[PDB]
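S.K.: Encoded as structure tokens, here's the structure I'll be asking about.
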Amino acid sequence: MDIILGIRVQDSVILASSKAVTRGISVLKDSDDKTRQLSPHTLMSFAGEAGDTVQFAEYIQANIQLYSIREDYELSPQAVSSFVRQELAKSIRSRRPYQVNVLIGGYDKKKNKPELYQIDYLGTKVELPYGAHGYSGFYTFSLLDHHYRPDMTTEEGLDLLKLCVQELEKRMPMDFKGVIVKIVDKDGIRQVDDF
Amino acid sequence: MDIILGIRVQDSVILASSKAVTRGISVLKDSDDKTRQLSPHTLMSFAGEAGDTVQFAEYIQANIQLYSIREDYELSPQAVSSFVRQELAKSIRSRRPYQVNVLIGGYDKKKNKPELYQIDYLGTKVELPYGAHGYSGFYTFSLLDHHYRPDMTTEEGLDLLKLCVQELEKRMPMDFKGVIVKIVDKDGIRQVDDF
Amino acid sequence: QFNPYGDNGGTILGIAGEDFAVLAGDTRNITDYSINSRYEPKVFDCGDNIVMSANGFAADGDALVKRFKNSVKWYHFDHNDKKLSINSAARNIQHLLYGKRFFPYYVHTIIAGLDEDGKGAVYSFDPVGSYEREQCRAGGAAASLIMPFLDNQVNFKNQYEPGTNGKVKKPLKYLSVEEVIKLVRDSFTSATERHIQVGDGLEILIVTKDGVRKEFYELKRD
Amino acid sequence: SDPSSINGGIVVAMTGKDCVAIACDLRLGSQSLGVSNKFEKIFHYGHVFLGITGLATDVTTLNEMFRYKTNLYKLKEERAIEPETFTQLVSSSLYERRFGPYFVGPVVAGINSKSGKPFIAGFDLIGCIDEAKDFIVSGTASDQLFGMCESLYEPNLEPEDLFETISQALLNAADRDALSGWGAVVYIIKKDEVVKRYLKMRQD
Amino acid sequence: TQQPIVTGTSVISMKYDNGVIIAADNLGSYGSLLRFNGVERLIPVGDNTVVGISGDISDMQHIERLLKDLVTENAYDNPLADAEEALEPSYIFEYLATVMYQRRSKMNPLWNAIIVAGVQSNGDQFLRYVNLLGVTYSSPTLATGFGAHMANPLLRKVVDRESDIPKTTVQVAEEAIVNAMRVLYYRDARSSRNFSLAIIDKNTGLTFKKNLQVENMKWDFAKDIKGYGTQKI
Amino acid sequence: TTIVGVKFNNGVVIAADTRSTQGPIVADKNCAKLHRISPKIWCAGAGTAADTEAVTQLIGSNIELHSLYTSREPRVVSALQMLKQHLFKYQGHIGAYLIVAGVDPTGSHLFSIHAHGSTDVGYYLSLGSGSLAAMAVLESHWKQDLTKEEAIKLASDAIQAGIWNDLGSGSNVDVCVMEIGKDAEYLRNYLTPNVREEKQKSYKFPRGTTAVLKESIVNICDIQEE
Amino acid sequence: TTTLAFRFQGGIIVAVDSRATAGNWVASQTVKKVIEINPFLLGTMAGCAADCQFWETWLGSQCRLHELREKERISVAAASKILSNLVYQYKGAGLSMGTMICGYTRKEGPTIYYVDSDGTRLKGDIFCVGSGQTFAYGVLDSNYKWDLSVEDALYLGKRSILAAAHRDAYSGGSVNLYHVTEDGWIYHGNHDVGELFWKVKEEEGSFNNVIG
Amino acid sequence: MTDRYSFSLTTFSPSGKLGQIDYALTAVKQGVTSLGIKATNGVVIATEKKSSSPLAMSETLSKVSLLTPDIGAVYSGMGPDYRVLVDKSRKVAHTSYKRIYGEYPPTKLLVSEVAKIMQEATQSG
Amino acid sequence: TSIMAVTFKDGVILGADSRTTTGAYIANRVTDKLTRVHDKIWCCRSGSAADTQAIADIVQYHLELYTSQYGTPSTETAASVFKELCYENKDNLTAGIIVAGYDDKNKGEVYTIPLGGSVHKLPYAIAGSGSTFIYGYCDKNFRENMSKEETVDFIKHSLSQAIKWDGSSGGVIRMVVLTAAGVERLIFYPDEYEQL
Amino acid sequence: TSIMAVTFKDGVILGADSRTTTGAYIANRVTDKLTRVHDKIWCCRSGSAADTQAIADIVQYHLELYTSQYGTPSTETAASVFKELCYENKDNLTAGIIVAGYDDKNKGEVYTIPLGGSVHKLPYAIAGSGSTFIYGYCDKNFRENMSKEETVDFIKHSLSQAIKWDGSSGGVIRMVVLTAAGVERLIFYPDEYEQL
Ligand SMILES: [Mg+2]
Ligand SMILES: [Mg+2]
Ligand SMILES: [Mg+2]
Ligand SMILES: [Mg+2]
């Protein structure tokens, strides 16, 4: 898949992911949701090779849900991201590796802090205030480097995100059919239905 | 370059050509005019390899303008298209061929008829009621095959053209940044500045 | 298949002072893991107070120096024995190099001398003729070992004045010819320790208003 | 394509008088793209320090592996592992992946708690140990570090002098490498105190 | 671009106090086949120069003809052709080096490695190398091919630097050269026992020795060597 | 790398240079290439350095266990058979080229072994990038019935040939002498002909030269009581 | 490499970085990526440095011959086309060039042509070329206005190169600024990125991700 | 064939006794006396060489065995069982330690490895 | 390499050169290519030194275990074991082996096992890179039931020419004589065979 | 192909087989590989048939024009012309030619011109794919100043063995004798030479 963005503000993490699914010549869909809820306060967006993306995401989702039931407890975003990293690090030396890049946006209820983790298909994990995969960062990071503040509100984060998407829509050759935006905070996960 | 469309209606020829110029990663321009006026009643749009497109178009333009001055006479669209075909047919067996596809839209003042010629970089010429180059025809021809009539007005031609562009904007993966539309009729060549 | 290129190793270094300039280079010539010569001069006096070295593939390096020396000779013939200025020589060498843009001289060229104001000058070229006036430039095998050291000890990069803690830079005071030669010697001694293609000898050509002088120093032969 | 130069980064270690020093840059990238300026490459297991350059997923993986192994070592041996012993463990662990190796360049630094002797060591991606008295370098700017260390280094430097030497070796080497920089950390290690300093450097 | 077919192996040489010595075996190999056993690869030019050539033999024979033509041409309208305006080693070398570099620049090289050994008018020793790439260099000792790897280390033990040259006699130099040729015969699979040796001295002139053989060889110790590890008989 | 093995009257001597390289870069200027398989069986390795070490320690480990099991001092032919069968199995992928020498109850032995598993017997051997330089010296000066002192001389001269003439070899000469009925004497840095000259300048910086952002103490101690 | 050029009310701003790399090795931090074709025309360097240096210097010679023959300043249109027609002759041979030919004449006004080694010649208002072009475009697009002052436009070009120099590994060293007027270009200095970054961070409040 | 004894031969009796271990200890009790004493600067281990026949060369039977250069072992009980344990102990000192850490194991850890082998012969099938 | 085995009246003689090359470098000039797999069953090795050594060691092991159980093996049995290894592992081996042995019942026998792993019982056999140059000489000069001295001369002259033309062959000429009388090793130096 | 030329007391004799193959198919079993470039200067051809025919035809033309102007050419002159063509066009030729001729002043001479375009004057020469198998035989059996009958026997026996081992060689053995007496053609059939 194509563009996935993430930004961690004061009290929430915002993930933006493109809606287009293109199979070579034609755009087969323009409303695709490239994300899975791993736990009530943890969201994972993904992009990479067709099939492997959803297969990997749903596999992770199943595992975190299993843990949640077994222990009657929600793993911290850090713990989830470490589990995901290991799976990808394991995968890269497999017979056929998962070609999947992910962003993990979670709100840690213990520390009362939003957290954004960027993990590529090699199992390269970094915690960031904002992140992206593919070419998305090439267009957006100069804007984020300028405007970002750690004390930004959710609304300011969304406005900075709009500027990033506008720059993408201007300079990117591919039509990614806009983005679905989701917010992760202390109350859980919700989708911004007008963007 | 990308999308170039052509449609011959009752009394005019309409050429639509995309505005985007993409150099790999970035869209460098979104207002590029992929056309040259060869004579007062003959317009040529073009698409193909970078550099060669404009070089070829301007070379043809210079030659037709030279003929016009020498004879004090405008060559028929058929005569111009034959000259262009020969140049491309010559070019395909050269050391480095012009990788340029063209549409030639002209109004024949002698016969009082619009004429549309489609010529690819091999020197393959066909006279058509409507034509395209690249993948443009794959998306648009089913619509043109359905709605086209030989007695269409210019306004009806533009409406059918809008439907074609809308289908392109929906199903094509690339953002071609809209199209510049030009009309060729008995009064000459003019650009539709709102499309 | 025939490969028209080779690698003869070697490392060269050019430093421009306030009223002088040095061009140094090791005297070792190699192919693969063998030593061809322990003393094969690589830096040349080309006349008109200009010194030159074309490091890399020695056949191309010798050809280029030979052609430039010849260009100096014909410059005199054609322009009433006018002295070829260092800036004019640099532009001339660009054209010599770019003339073989599609079959390049596989060398990194450096020339040194004095400009028309008597100040030290060094020019650096890539294999196809792009050039630049520089203060400090190492070329060849151990260039990556030497240049960071020169950034630190000549331009005082990353060095600040004690007590200020990063607020005030170490000021760029001018270096004498004796001071420069120390840095050159230490550069090549260090390079000889960690790079297998560097060693045997060091020959330095110093350029002043009085002319061109040579200095030779032994280097480790292992 | 080359796994050892996708992410970039450097590590350098030096010995001094009754002290050792180990330093690293903070950059992580995806080739030309800078991704993180907080990717520390030095870790420690008790009083033994390990720097790792190379492919970042393997850097992280190996840190977790040696934490795992040194934690079990401690439980069984009832003592913290020493630099010399840990060096052999790294070599063993790397060679066991001889035909599917971790694309890394590790560097060990520390002081033996019993003898008080300063110790440094380096490895290639499959475990060959380089036990130098003076300095060890690793990373995408290893050539530059070899040049800096070879000229700047002198034996038996006091802790506060060794800090300046290793800092200047790293800084100037990193500034001649596109894939290194974006910050730096230096550890000064004595027998029973360790100081960690973040350096100010150019962010390009 | 071509490939060498019939080839000649190492050419070795060194300077001594009053001149230079050069040597090369008499074999023309055809791959692993030791096809031609009477090939002279040292070619004298006048009484002051000897050109030693390794590599492609067909190209060697071409170069041999160029040098022969050079002598003819130098004699044209030249009353001092056998005196002040005779060919010098330095003239002969520079000519060859020019040709070699020109040929590689047309991507049609003379597939050779050449050493020009001689004594100049003023008595100075001349010893310089050129190959198919046009690469040139000089040294107190010079050798091509296998000789570069095995002969140079031995010859450099006699003349390690410039200051060792006046201390080296012709007897010591020839001894060193002859030993090196024996070592190459032991260890180079494309070498022969038969070789030629030439001395160019500033006093005694050019001495050209043909039909020399490698002698004083050690082989007796082979009788004790059995198996490849555990075998006892 | 330059490594040689020379047989003499009552034993065998093995020698090596001390340069380890990463391409054209010198990683370690005083590397130890002489390895111990057992007390009186030593070997020197060229090629892939990690392979030469790993394969020596593995066979050395198994040789020790074999010695204990059989109540006999290890033999060189055992080390050789174990090495070659291991290397052959890995079809040259373990890039270990070794010269193996030693003394045992059977006598003194000298072998070479190549990565693919082939072995050779000899009175004098050389291996590595400087093997041709070294062998030129050995072929010039070797003779039958060498004394211990003559063999050490010849071996170190052969390594010197590699040091000076081979770019892949340098620095110092290590030697190990294995004589019959004696302890094997390892002579680390037997020769030191490449000491670096004093530099023209001291590059010791003034304290406070480097700019610092933050300082902090690192807790290396375990969790404390009370 | 990062080079940009944009048209505005007061003429043209040209801004470039100074870094040259050979693989991961930083060969130079003091490269001049603006070629002073003549006192009125500027060209940017991207691709092969020699190709850009050589042919844009040659271009200056052609522009000088033109004004000697025609007794009139050459147009940016004509100057840019001399270069594009030349590189088009070499098409396929291996030239690598991405340049912006910048000028300000009476008949044209401030004009920029992107000229490229595969024959492309594009007139435009904003161009950005190099490995760090995407970073520079972001800052440019979001802050560009025609009615920028010369002072603010100069800063925008400086700030856009800085953005690239920070994120792009192959861009950095220093920033070179130029302002092109009808009476000729004016050089606005060399600015070390190391010092500039910290200065901008403090004064602007940007780069909060970076500790200083 | 195949080893079809995949079940434990040592099991808990109603009283909580592991019979086979108790009986093994009884075999040890019948064995020849061996002892060990630790000093400040050393340790001594000793036993009697109970020669089964005077024609037997009791020097060829080693009751005291080197496990590592710094570790030795002596036993009481069944000699053959001891001999194979010494073989396993010597090997495990290498495989589970020396090939990993490049040094011989400390006494307590080698003892731990030997103990593990003996424990497994008490539970394995 | 130049190797051969020749049957004669009293048994069989194996012959070989002593040169082992790595490209053009002679890695060993005093190689012993005549290897013993049993008391009076030897072989001549050509091809990969690693492969032929590995094979010979395995065969020696097989015939040692055979002898312990069933007594002295035949030369045919030894050739069969060689063949079995060479044929079944033909994809991963480069070995050309000549097997020669002496029985009292069968006397001197020679078997050649070329690259494919086929077996060919012959009166005499030649192999190695140098054998190509002496096919004509050996075919013209070989006779059945030669004497020991004639057979030594035949091998000496043959390998002399093989060495003369083949750069991969050289050094000393080693020979092993297998008869009822026992096993005799012979060696001939360059100064001897070069003047033939 | 198996070809050779041998100098003897009264002059020189050229010898050749008659087999021409296209892969494993014998396209011509009665080929004449002994070609005349002048009255008493002939050549033996090996390599590309097209190339060696083209070369020989050009040489024949050159020596015909030489003879018209300067009289009978030497065998050395003929070899030089061959060499000049083979050397200068080495990239586009696959030709191995032996030149043999008879002068009254110089008598029998033999020159071999292998692939590269080098020239080698020899007492006798062998070439072609089959020559490899008779290097040993020819070196052992050649003598200088043999008689006509001895030289015919030497060539017949040599090529007999070359044909025996080389699949690319066969058919009849053709020979051309060059002496002061004139030019004599000889032919020897399989039933004759196979039983030697
Ligand atoms: Mg060195
Ligand atoms: Mg950097
Ligand atoms: Mg940067
Ligand atoms: Mg031979």
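Chain labels run A, B, ... following the order of the structure tokens; each chain numbers its residues from 1, and ligands are numbered from 1 in the order shown.
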Taking only C-alpha atoms into account, report as a ChimeraX atom specification which residues of chain G lie within 7 Å of chain A.
M.R.: /G:134-135,138-139,163,206-208
S.K.: With N, CA, C and O atoms retained, export the selected residues as a short mmCIF file (atom, residue, chain, number, x, y, z; two decimals), in the first residue's frame.
M.R.:
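Below you can see part_9.cif, which holds the result:
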```cif
data_model
loop_
_atom_site.label_atom_id
_atom_site.label_comp_id
_atom_site.auth_asym_id
_atom_site.auth_seq_id
_atom_site.Cartn_x
_atom_site.Cartn_y
_atom_site.Cartn_z
N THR G 134 12.55 17.02 -2.29
CA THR G 134 11.21 16.83 -1.72
C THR G 134 11.05 17.58 -0.40
O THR G 134 9.96 18.07 -0.08
N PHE G 135 12.13 17.65 0.37
CA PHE G 135 12.13 18.34 1.65
C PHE G 135 12.00 19.83 1.44
O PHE G 135 11.25 20.51 2.14
N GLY G 138 8.45 21.05 0.28
CA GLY G 138 7.48 21.15 1.37
C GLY G 138 7.47 22.52 2.03
O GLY G 138 6.40 23.10 2.25
N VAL G 139 8.66 23.04 2.32
CA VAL G 139 8.80 24.35 2.96
C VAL G 139 8.40 25.45 1.97
O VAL G 139 7.72 26.40 2.34
N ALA G 163 16.10 22.60 5.62
CA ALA G 163 15.17 21.50 5.81
C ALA G 163 15.69 20.23 5.15
O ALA G 163 15.63 19.14 5.72
N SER G 206 11.61 25.80 15.73
CA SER G 206 11.44 24.60 14.93
C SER G 206 12.44 23.54 15.38
O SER G 206 13.29 23.80 16.23
N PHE G 207 12.31 22.34 14.81
CA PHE G 207 13.18 21.21 15.11
C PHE G 207 13.16 20.84 16.60
O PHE G 207 14.21 20.58 17.19
N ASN G 208 11.97 20.81 17.19
CA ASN G 208 11.83 20.44 18.60
C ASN G 208 12.22 18.99 18.85
O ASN G 208 12.55 18.61 19.98
#
```
S.K.: Mind listing the residues within 10 Å of ligand 4, only C-alpha atoms and all ligand atoms counted, as JSON, numbers by chain?
M.R.: {"E": [32, 33, 34, 185, 188, 189, 190, 191, 192, 193], "I": [1, 17, 19, 130, 160, 161, 162, 163, 164, 165, 166, 167, 168, 169, 170, 171]}
S.K.: Only N, CA and C atoms, please: the residues just picked out, written as a PDB file, in the first residue's frame.
M.R.:
```pdb
ATOM      1  N   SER E  32      48.327 -24.478 -21.236  1.00  0.00           N
ATOM      2  CA  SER E  32      49.110 -25.381 -20.390  1.00  0.00           C
ATOM      3  C   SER E  32      50.100 -26.221 -21.204  1.00  0.00           C
ATOM      4  N   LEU E  33      49.983 -26.163 -22.528  1.00  0.00           N
ATOM      5  CA  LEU E  33      50.900 -26.865 -23.420  1.00  0.00           C
ATOM      6  C   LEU E  33      52.189 -26.069 -23.585  1.00  0.00           C
ATOM      7  N   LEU E  34      53.318 -26.713 -23.304  1.00  0.00           N
ATOM      8  CA  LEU E  34      54.630 -26.082 -23.429  1.00  0.00           C
ATOM      9  C   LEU E  34      55.104 -26.251 -24.871  1.00  0.00           C
ATOM     10  N   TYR E 185      61.745 -21.670 -11.921  1.00  0.00           N
ATOM     11  CA  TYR E 185      61.611 -22.982 -12.549  1.00  0.00           C
ATOM     12  C   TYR E 185      60.990 -24.002 -11.599  1.00  0.00           C
ATOM     13  N   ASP E 188      57.020 -21.891 -11.065  1.00  0.00           N
ATOM     14  CA  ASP E 188      56.163 -21.416 -12.152  1.00  0.00           C
ATOM     15  C   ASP E 188      55.901 -22.577 -13.099  1.00  0.00           C
ATOM     16  N   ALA E 189      54.628 -22.926 -13.259  1.00  0.00           N
ATOM     17  CA  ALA E 189      54.226 -24.045 -14.107  1.00  0.00           C
ATOM     18  C   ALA E 189      54.362 -23.740 -15.600  1.00  0.00           C
ATOM     19  N   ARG E 190      54.596 -22.475 -15.942  1.00  0.00           N
ATOM     20  CA  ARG E 190      54.747 -22.063 -17.336  1.00  0.00           C
ATOM     21  C   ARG E 190      56.161 -21.573 -17.620  1.00  0.00           C
ATOM     22  N   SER E 191      57.129 -22.167 -16.927  1.00  0.00           N
ATOM     23  CA  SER E 191      58.531 -21.819 -17.089  1.00  0.00           C
ATOM     24  C   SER E 191      59.294 -22.981 -17.697  1.00  0.00           C
ATOM     25  N   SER E 192      60.495 -22.692 -18.182  1.00  0.00           N
ATOM     26  CA  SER E 192      61.377 -23.726 -18.698  1.00  0.00           C
ATOM     27  C   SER E 192      62.755 -23.603 -18.074  1.00  0.00           C
ATOM     28  N   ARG E 193      63.519 -24.677 -18.202  1.00  0.00           N
ATOM     29  CA  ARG E 193      64.854 -24.761 -17.638  1.00  0.00           C
ATOM     30  C   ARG E 193      65.841 -23.911 -18.429  1.00  0.00           C
TER      31      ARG E 193
ATOM     32  N   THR I   1      48.766 -32.950 -14.158  1.00  0.00           N
ATOM     33  CA  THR I   1      49.066 -34.297 -13.593  1.00  0.00           C
ATOM     34  C   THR I   1      49.265 -35.313 -14.715  1.00  0.00           C
ATOM     35  N   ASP I  17      53.810 -38.193 -11.795  1.00  0.00           N
ATOM     36  CA  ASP I  17      54.655 -37.017 -11.623  1.00  0.00           C
ATOM     37  C   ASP I  17      54.415 -36.495 -10.206  1.00  0.00           C
ATOM     38  N   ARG I  19      53.903 -32.869  -9.529  1.00  0.00           N
ATOM     39  CA  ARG I  19      53.528 -31.459  -9.591  1.00  0.00           C
ATOM     40  C   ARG I  19      52.058 -31.242  -9.259  1.00  0.00           C
ATOM     41  N   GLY I 130      48.370 -34.508 -18.559  1.00  0.00           N
ATOM     42  CA  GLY I 130      49.531 -34.821 -19.390  1.00  0.00           C
ATOM     43  C   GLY I 130      49.399 -36.082 -20.224  1.00  0.00           C
ATOM     44  N   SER I 160      58.001 -38.942 -18.979  1.00  0.00           N
ATOM     45  CA  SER I 160      59.013 -37.960 -19.354  1.00  0.00           C
ATOM     46  C   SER I 160      58.457 -37.016 -20.419  1.00  0.00           C
ATOM     47  N   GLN I 161      57.773 -37.591 -21.404  1.00  0.00           N
ATOM     48  CA  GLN I 161      57.156 -36.818 -22.477  1.00  0.00           C
ATOM     49  C   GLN I 161      55.930 -36.050 -21.997  1.00  0.00           C
ATOM     50  N   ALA I 162      55.142 -36.669 -21.126  1.00  0.00           N
ATOM     51  CA  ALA I 162      53.971 -36.010 -20.561  1.00  0.00           C
ATOM     52  C   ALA I 162      54.394 -34.756 -19.810  1.00  0.00           C
ATOM     53  N   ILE I 163      55.457 -34.886 -19.021  1.00  0.00           N
ATOM     54  CA  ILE I 163      56.022 -33.762 -18.275  1.00  0.00           C
ATOM     55  C   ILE I 163      56.588 -32.695 -19.215  1.00  0.00           C
ATOM     56  N   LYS I 164      57.199 -33.144 -20.309  1.00  0.00           N
ATOM     57  CA  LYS I 164      57.827 -32.247 -21.269  1.00  0.00           C
ATOM     58  C   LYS I 164      56.838 -31.277 -21.900  1.00  0.00           C
ATOM     59  N   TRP I 165      55.643 -31.769 -22.211  1.00  0.00           N
ATOM     60  CA  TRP I 165      54.648 -30.975 -22.931  1.00  0.00           C
ATOM     61  C   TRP I 165      53.579 -30.367 -22.032  1.00  0.00           C
ATOM     62  N   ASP I 166      53.285 -31.018 -20.910  1.00  0.00           N
ATOM     63  CA  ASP I 166      52.247 -30.539 -20.001  1.00  0.00           C
ATOM     64  C   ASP I 166      52.843 -29.681 -18.893  1.00  0.00           C
ATOM     65  N   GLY I 167      52.400 -28.428 -18.821  1.00  0.00           N
ATOM     66  CA  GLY I 167      52.859 -27.505 -17.792  1.00  0.00           C
ATOM     67  C   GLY I 167      52.348 -27.877 -16.415  1.00  0.00           C
ATOM     68  N   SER I 168      51.207 -28.560 -16.375  1.00  0.00           N
ATOM     69  CA  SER I 168      50.610 -28.996 -15.115  1.00  0.00           C
ATOM     70  C   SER I 168      51.322 -30.208 -14.522  1.00  0.00           C
ATOM     71  N   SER I 169      52.218 -30.816 -15.295  1.00  0.00           N
ATOM     72  CA  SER I 169      52.980 -31.976 -14.848  1.00  0.00           C
ATOM     73  C   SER I 169      54.455 -31.622 -14.714  1.00  0.00           C
ATOM     74  N   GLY I 170      55.132 -32.276 -13.776  1.00  0.00           N
ATOM     75  CA  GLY I 170      56.556 -32.046 -13.569  1.00  0.00           C
ATOM     76  C   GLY I 170      57.085 -32.571 -12.253  1.00  0.00           C
ATOM     77  N   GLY I 171      58.312 -32.172 -11.940  1.00  0.00           N
ATOM     78  CA  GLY I 171      58.973 -32.575 -10.710  1.00  0.00           C
ATOM     79  C   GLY I 171      59.688 -33.899 -10.873  1.00  0.00           C
TER      80      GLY I 171
END
```
S.K.: Excluding residue 60 in chain G and its own-chain neighbours fewer than 6 positions away, which residues fall within 10 Å of it when counting only C-alpha atoms? Please give them as a PDB file with N, CA, C and O atoms, in the first residue's frame.
M.R.:
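Listing of selection_2.pdb after writing:
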```
ATOM      1  N   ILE G  35      26.460  28.291 -10.689  1.00  0.00           N
ATOM      2  CA  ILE G  35      27.415  28.677 -11.710  1.00  0.00           C
ATOM      3  C   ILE G  35      27.056  30.073 -12.192  1.00  0.00           C
ATOM      4  O   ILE G  35      25.944  30.312 -12.672  1.00  0.00           O
ATOM      5  N   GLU G  36      28.004  30.992 -12.042  1.00  0.00           N
ATOM      6  CA  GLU G  36      27.830  32.367 -12.487  1.00  0.00           C
ATOM      7  C   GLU G  36      28.130  32.439 -13.978  1.00  0.00           C
ATOM      8  O   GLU G  36      29.257  32.714 -14.398  1.00  0.00           O
ATOM      9  N   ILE G  37      27.095  32.172 -14.767  1.00  0.00           N
ATOM     10  CA  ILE G  37      27.196  32.123 -16.221  1.00  0.00           C
ATOM     11  C   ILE G  37      27.696  33.461 -16.736  1.00  0.00           C
ATOM     12  O   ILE G  37      28.631  33.528 -17.532  1.00  0.00           O
ATOM     13  N   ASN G  38      27.042  34.519 -16.272  1.00  0.00           N
ATOM     14  CA  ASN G  38      27.498  35.884 -16.486  1.00  0.00           C
ATOM     15  C   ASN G  38      26.868  36.760 -15.397  1.00  0.00           C
ATOM     16  O   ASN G  38      26.126  36.250 -14.558  1.00  0.00           O
ATOM     17  N   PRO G  39      27.168  38.069 -15.384  1.00  0.00           N
ATOM     18  CA  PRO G  39      26.619  38.952 -14.345  1.00  0.00           C
ATOM     19  C   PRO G  39      25.090  39.001 -14.220  1.00  0.00           C
ATOM     20  O   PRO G  39      24.578  39.494 -13.216  1.00  0.00           O
ATOM     21  N   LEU G  41      23.018  36.101 -15.497  1.00  0.00           N
ATOM     22  CA  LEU G  41      22.481  34.745 -15.564  1.00  0.00           C
ATOM     23  C   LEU G  41      23.129  33.814 -14.554  1.00  0.00           C
ATOM     24  O   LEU G  41      24.345  33.843 -14.356  1.00  0.00           O
ATOM     25  N   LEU G  42      22.298  32.976 -13.936  1.00  0.00           N
ATOM     26  CA  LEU G  42      22.759  31.961 -12.998  1.00  0.00           C
ATOM     27  C   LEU G  42      22.272  30.584 -13.409  1.00  0.00           C
ATOM     28  O   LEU G  42      21.207  30.442 -14.010  1.00  0.00           O
ATOM     29  N   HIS G  66      26.567  36.074 -28.492  1.00  0.00           N
ATOM     30  CA  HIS G  66      25.257  36.525 -28.932  1.00  0.00           C
ATOM     31  C   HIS G  66      25.127  38.037 -28.791  1.00  0.00           C
ATOM     32  O   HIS G  66      24.710  38.715 -29.728  1.00  0.00           O
ATOM     33  N   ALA G  79      18.897  31.662 -24.017  1.00  0.00           N
ATOM     34  CA  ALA G  79      20.058  31.120 -23.315  1.00  0.00           C
ATOM     35  C   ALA G  79      19.802  29.686 -22.865  1.00  0.00           C
ATOM     36  O   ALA G  79      20.648  28.810 -23.043  1.00  0.00           O
TER      37      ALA G  79
END
```
S.K.: Please measure the separation of CA of residue 141 in chain F and CA of residue 155 in chain F, giving the value in Å to one decimal.
M.R.: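 Distance between the two atoms: 10.2 Å.
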S.K.: Counting only C-alpha atoms and all ligand atoms, what residues are within 6 Å of ligand 1, given as an NGL selection string?
M.R.: :C and (192-193 or 195-199 or 222)
S.K.: What does the structure give for the distance between CA of residue 117 in chain J and CA of residue 52 in chain E, in Å to one decimal?
M.R.: 20.2 Å
S.K.: Can you list, as a PyMOL selection string, every protein, DNA or RNA residue that comes within 12 Å of residue 148 in chain G when you count only C-alpha atoms, leaving out same-chain residues fewer than 2 positions away?
M.R.: chain G and resi 6-13+140+143-146+150-157
S.K.: I want to know what sits within 8 Å of residue 20 in chain G, based on only C-alpha atoms, with residues of the same chain fewer than 2 positions away left out; could you give that as a VMD selection string?
M.R.: chain G and resid 1 18 22 26 to 29 31 170 to 171
S.K.: Quick one: pick out all helix (DSSP H, G or I) residues within range 37-187 of chain B from a backbone DSSP run and write them as a VMD selection string.
M.R.: chain B and resid 52 to 71 77 to 91 136 to 147 154 to 171
